[PDB]
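Listed here are the chains, written in short residue letters.
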Amino acid sequence: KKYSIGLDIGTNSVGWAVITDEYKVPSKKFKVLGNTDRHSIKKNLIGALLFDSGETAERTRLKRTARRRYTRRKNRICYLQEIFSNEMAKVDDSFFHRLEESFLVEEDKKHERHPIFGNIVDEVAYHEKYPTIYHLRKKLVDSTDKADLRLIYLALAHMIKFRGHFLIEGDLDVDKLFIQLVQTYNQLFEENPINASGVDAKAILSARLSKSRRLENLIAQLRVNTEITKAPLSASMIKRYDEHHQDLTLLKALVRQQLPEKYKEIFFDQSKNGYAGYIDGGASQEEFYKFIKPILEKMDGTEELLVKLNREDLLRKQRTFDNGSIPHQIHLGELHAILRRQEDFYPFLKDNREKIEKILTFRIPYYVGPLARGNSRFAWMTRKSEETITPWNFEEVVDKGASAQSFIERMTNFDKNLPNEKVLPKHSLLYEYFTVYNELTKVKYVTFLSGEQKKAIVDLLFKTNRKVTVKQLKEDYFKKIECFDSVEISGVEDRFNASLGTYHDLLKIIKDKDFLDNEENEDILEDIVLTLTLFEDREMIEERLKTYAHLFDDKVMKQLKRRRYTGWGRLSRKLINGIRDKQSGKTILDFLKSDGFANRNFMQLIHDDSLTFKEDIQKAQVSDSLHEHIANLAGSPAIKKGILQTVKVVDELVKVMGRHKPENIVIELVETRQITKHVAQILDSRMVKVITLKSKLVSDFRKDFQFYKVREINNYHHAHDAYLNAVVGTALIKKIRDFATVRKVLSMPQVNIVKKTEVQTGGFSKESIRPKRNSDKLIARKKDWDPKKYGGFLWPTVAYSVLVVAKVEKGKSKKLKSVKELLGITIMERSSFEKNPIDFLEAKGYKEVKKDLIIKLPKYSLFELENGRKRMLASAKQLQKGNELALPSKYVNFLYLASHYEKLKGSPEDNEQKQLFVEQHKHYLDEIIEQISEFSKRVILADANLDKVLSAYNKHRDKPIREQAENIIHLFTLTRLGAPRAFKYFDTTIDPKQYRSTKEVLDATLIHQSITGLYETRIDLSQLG
RNA sequence: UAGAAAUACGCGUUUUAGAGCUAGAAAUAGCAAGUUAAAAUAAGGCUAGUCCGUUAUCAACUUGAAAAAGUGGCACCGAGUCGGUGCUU
DNA sequence: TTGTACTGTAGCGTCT
DNA sequence: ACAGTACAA
């Protein structure tokens, strides 16, 4: 009955063990089910759970937000189409139709293949007159002539689809701003004085030069636009286009006159990274520059061309990766220019100009979130009226106060020590007091700081200065006030890490200094800085300071509206100047102010059980079905997977041994402290001494005895550490034949190593849309879009394999022949297959499948074959090795100690004596060799690679023993659990092979293994079908 | 050190449009041009929202729509991935 | 016409 | 892990 469990935690492995007090590992016979003749198998109660590490949610978040912004961009286009439809349907009703059908091929289009004019000659004339859309944009901004409505709609569509950035909140010289900027740094701190006040940023930086030249000339002293007239971006990039055209013409002239042989390569071959590769191919700007630059370097006449290339201004495109710095205000200024130019010709545009200006200028606020109407789990909002939200009426519908209230009760964290309380900001004034006082506490005094002394030095120094150093204490306070000669201080190396920056920020802004120094107004200021941390946009920031009009109303209250904070703390109000000690009557801040000039630290206050903070803490973190009992827990989704596997493994381990519970369980920094308390809550929630273990102890004891570890050998070590954890835990809890038993049970060759079988959730496929081809493996990215003509994705991610037995007709003389095979289900046919399996299987060509014999086969499904061969299943088209080798303990001690000479030199009298013992007994390495050869001939069945490795063995077995042992450790890739990989011996890189053949498992024995692997069901697929 | 959320840009990819010309039966060779635009950016789903869809959970069997619950003996000697002995109902 | 080997193939930056 | 060419039948 009596037993204990050892258990290690990891990102990919959960090791489990069952152990007795005499350290005897019990061995028991277990029922197996299925159509096999086997009915009882003998296994040891030692095993390890191996699984793929889970994903944290950020990638899904980026994909979700990207989906939303694509949808919103399409909705902006839809709004503008809805506006222009009524009037341009008079001149061209099918214009939007030709725009949306522009992707289709000429037969698939329901209209003419030219989208803009519906005819060849007008489209050619438009392209000749306007080579780009920037030509059209500049013409519409500058010219006052009446324009065709299609061109204007093209301007607005291009202009709102790509609309720049919202990092500028105003309306919108640079040298004067730089002068004020360096002046405000000079006021900000007494560091890095300027060389001279006559700096002129426009002369040095906006003048056309490279970044290195501008940097060097700026150090020596210490966005390009053309004309004042409107449309500056269109003018600058039309200059860029004209310069590109002139440089193209001069390039053609120079390479035709000078190098006729490389003209073909550069201007026709799209694969050799030439100009044809820069336009037609996938070449970037930088790689095109670096390939073309030697051509102009070795041959003459290209000095201006080199200085253009060094500024990266040579042959630029318009659509360029550096366009991410253009704000949206230049865009809305350009659009306001066009709709002022075309308002009299089209009074329709005069009727709703502000609507289009709103579609450009509107953005969902930071705090509002998705416009869900309760259809989403992410949204916050409540709407005042049940209307369809448009940019034209967003604030009329949305209750911003309630939306921001729903915003604030969610984003801020809860204190890790006080889970019921929301956290203060990092830049909160009280947080600055607490971090400064935690730094002041460690400040010693010999001639620590006393509370009256701390109050005085704060009122003198911290009331007036932005930064504090220990020398400034001993010269400004202790020499001045108390007239001391010197004070021995070693609290902090020179100046203090912490400071009251936000306190000085209010001292900078508002006029009433006594209002800031008064302790009554602390809550108002905390609400203010909380507000500035919460919101970064103007509106609700202005709303929340409008509550404080009755305190002050001057323009210095107005000036808070522009400045902002970001970030959040780890510490809350009700902890620190909250809970009060019963005896002392002092909170955390009260003790950081004073303890008899012998002040005590925060973590000292928490850890000391004599004071009542330690009693008051765990009763605060005292935080049903098991899945929802864990679904509310904290921690990353990647590291929670081990927690579910742990709780399942422990429950079924109890379930195996006659429903009987252990005496002690042992678990393998702060996260495991939360784990040991959460697993201790099971004692009163679902129904056992949960004992913590340090890994350095087991590593040291492994160094004390013979049984060392090598990771690359085998995966039995992922259960040996669990048994070791059990060993040390039960051994410990009985403490400025068993010691004889451990040796035998260490060498046990059967340990239940189980790979978890999950359906693979994730994306469609690898995401690069491959070009058109005649292959049938191209995946249709859209339902109508045939991948023969429109391309699509490749490499889909399989969800699970599906074994089917059915009848399939093959051959020209079509014969209904019986077939047994497994089929791969990818992620987006999983829904249709789980909806109706037989109809979907019939759709792919299988006839009269067996309904009750369809077997769902996930990834890492395990098969048993003849002669004990085990193979793991990766997909419908690739297998995976699943057999492990165990060396005797003498062999792994030889292999570990032969490598790592300098680690065995730490104790020369014993380990380096044992180092001599692994220069001799070189036969053990030959023993390792024939173990690998025997195991490969048994289950790997590889021939040519083994002759290669034995030839390389016999030719390089002369070399020193350390590198021999480390390459023998490197040799285990051939025998490793998992996939074949390329790996390095002394002189050759051995290529892996692919087990493409799935036919050898269709008559094997499928081995379902449990969560702990002690219970099995063995379906022999040869009997089926 | 972190977890989890919101609002946004700029590219990339794919297809189509931006008439290629000459000598040419021509398989080809020479010349001209090349910068941009549209659409999509997980198939799609129904609560039809300017929402959601790659995060989390998941051996087999029997019940339960499902959630969920249930279903597989022990002592000993050995160890090629576990083998057997005996007791038991 | 159906199996084995070698081989290239693999959405991101930057912003809060 | 998947995709395609280029052989062995």
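Residues numbered from 1 in each chain as written, not as in the entry; some residues may be left out. Chains lettered and ligands numbered in written order. Heavy atoms only, no water. Residues with missing side-chain atoms left out of burial classes, pairs and counts.

- Regarding how it was determined, this PDB entry cites cryo-EM in its header, along with a resolution of 3.25 Å.

Some details on a nonpolar patch on the surface
Thought 1: A contiguous nonpolar patch, built from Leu181, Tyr185, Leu188 and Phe189 and spanning about 370 Å² of accessible area, is present on the exposed surface.
Thought 2: Looking at where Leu188 falls in the secondary structure, it is placed in helix α6 (residues 174-188).
Thought 3: Classification of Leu188 as partly exposed rests on a relative accessible area of 44%. (Patch = residues over 30% accessible without salt bridge, like charges linked within 9 Å, V, L, I, M, F, W, Y side chains within 5 Å. Areas by Shrake-Rupley, 256 points an atom, 1.4 Å probe, with all protein chains shown as cover. Salt bridge = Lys/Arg side-chain N within 4 Å of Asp/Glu carboxyl O. Helix = DSSP H or I, 4+ residues; strand = E, 2+ residues; numbered from the N terminus. Buried < 20%, exposed > 50% of the residue type's maximum accessible area, 1.4 Å probe, protein only.)

A word on the packing of helix α19 (residues 429-441) against helix α20 (residues 451-462)
Thought 1: At a minimum axis distance of 13 Å, the contact between α19 and α20 shows a crossing angle of 120°. Classified by the angle between their axes, α19 and α20 sit oblique to one another. Once α19 is placed against α20, the crossing between them reads as right-handed. Within the contact between the two elements, α19 uses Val436, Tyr437, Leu440 and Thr441 and α20 uses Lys454, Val458 and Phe462.
Thought 2: Considering only residue class, the contact of α19 with α20 consists of five nonpolar, one polar and one charged. (Axes fitted to C-alpha atoms, helices over the stretch in contact; angles between N-to-C directions. Parallel < 35°, antiparallel > 145°, perpendicular 65-115°, else oblique. Left-handed = near helix turned anticlockwise from the far one by under 90°. Contact = heavy atoms within 4.5 Å. Nonpolar A, V, L, I, M, F, W, Y, C, P; charged D, E, K, R; others polar.)

Topic: a negative patch on the surface
Thought 1: Together, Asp608, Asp609, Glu615 and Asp616 make up a region of like negative charge exposed at the surface.
Thought 2: Its location among the elements puts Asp609 in the loop between α29 (602-607) and α30 (613-618).
Thought 3: For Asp609, a relative accessible area of 44% translates into the label partly exposed. (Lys, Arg positive; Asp, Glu negative; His and termini not counted. Charge placed at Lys NZ, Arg CZ, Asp CG, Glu CD.)

Observations regarding the protein's contact with DNA strand C
Thought 1: Surveying the vicinity of DNA strand C reveals the residues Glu536, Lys766, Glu767, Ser768, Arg770, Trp795, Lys810, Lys812, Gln994 and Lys999.
Thought 2: The sugar-phosphate backbone supplies 80% of the atoms of DNA strand C found within 4 Å of the protein.
Thought 3: Between a phosphate oxygen of DNA strand C and a side-chain N or O atom of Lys999, the distance comes to 3.3 Å. (Near = heavy atom within 4 Å. Polar contact = N/O pair within 3.5 Å; in protein donor to acceptor, adjacent residues only side chain to side chain.)

Brief notes about the sheet that holds strand β3 (residues 27-33)
Thought 1: Strand order across the open sheet formed by seven strands is β4-β3-β20-β19-β14-β15-β16, with mixed pairing between neighbours. The open sheet has two edge strands, β4 (40-44) and β16 (879-881), and neither has a second partner. Across the sheet, the mean angle separating the axes of adjacent strands is 35° when strand polarity is ignored.
Thought 2: Examined bridge by bridge, strand β19 (residues 1005-1009) and strand β20 (residues 1016-1020) share five bridges and lie antiparallel to one another. Bridge pairing in β20 places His1008 opposite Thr1017. (Pairing = 2+ DSSP bridges.)

Some points on unusual backbone geometry
Thought 1: Even without a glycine there, the phi angle at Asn192 is positive, about 55°.
Thought 2: Tracing the backbone shows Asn192 in the loop between α6 and α7 (201-206).
Thought 3: On the accessibility criterion, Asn192 (68% relative accessible area) is exposed.
Thought 4: The phi dihedral of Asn867 is positive, around 60°, even though this residue is not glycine.

A short note on the pairing of strand β2 (residues 13-17)
Thought 1: The element β2 is extensively covered by neighbouring structure, given that five of its five residues are classed as buried.
Thought 2: Neither face of β2 is left uncovered, since the one carrying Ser13, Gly15 and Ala17 and the one carrying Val14 and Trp16 both have all their residues buried.
Thought 3: Two strands pair when backbone bridges link them, and strand β1 (residues 5-8) and β2 are joined in this way by two bridges, in the antiparallel orientation. Among the inter-strand pairings, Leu7 is bridged to a residue of β2, identified as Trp16.
Thought 4: Hairpin connection between β1 and β2: a loop of four residues separates the two successive antiparallel strands.
Thought 5: When β2 meets strand β5 (residues 46-50), the two strands line up antiparallel, connected through five bridges. Bridging from a neighbouring strand, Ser13 pairs with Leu50 of β5.

Let's talk about the sheet that holds strand β11 (residues 798-810)
Thought 1: Taken together, three strands build an open sheet; the order of strands is β12-β11-β13 and the sheet is antiparallel. Edge positions in the sheet fall to β12 (815-826) and β13 (855-857), since each has one partner strand and no second. Between one strand axis and the next, the sheet turns by 30° as a mean value, whatever way the strands run.
Thought 2: Examined bridge by bridge, β11 and β12 share 12 bridges and lie antiparallel to one another. Its bridge partner being in β12, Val802 is matched across the sheet by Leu823.

Description of the protein's contact with DNA strand D
Thought 1: Surrounding DNA strand D, one finds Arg773, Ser775, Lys777, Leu794, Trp795, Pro796, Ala874, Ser875, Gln878, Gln880 and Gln994.
Thought 2: What you see for DNA strand D is that sugar and phosphate hold 92% of its atoms within 4 Å of the protein.
Thought 3: Residue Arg773 places a side-chain N or O atom 2.7 Å away from a phosphate oxygen belonging to DNA strand D.
Thought 4: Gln878 is positioned such that a nitrogen or oxygen atom in its side chain is 3.5 Å from a sugar or linking oxygen of DNA strand D.
Thought 5: Classifying every residue of the surface near DNA strand D by side-chain character gives four nonpolar, five polar and two charged.

Thoughts on the pattern of salt bridges
Thought 1: Counted by the stated rule, this structure contains 41 salt bridges.
Thought 2: Linking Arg686 and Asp651 is a salt bridge whose minimum nitrogen-to-oxygen distance equals 3.1 Å.
Thought 3: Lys903 is paired through a salt bridge with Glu902; the nearest N and O atoms lie 3.1 Å apart.
Thought 4: Given a relative accessible area of 53%, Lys903 falls into the exposed group.
Thought 5: Residue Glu902 is classed as partly exposed on the basis of its relative accessible area, which comes to 43%.

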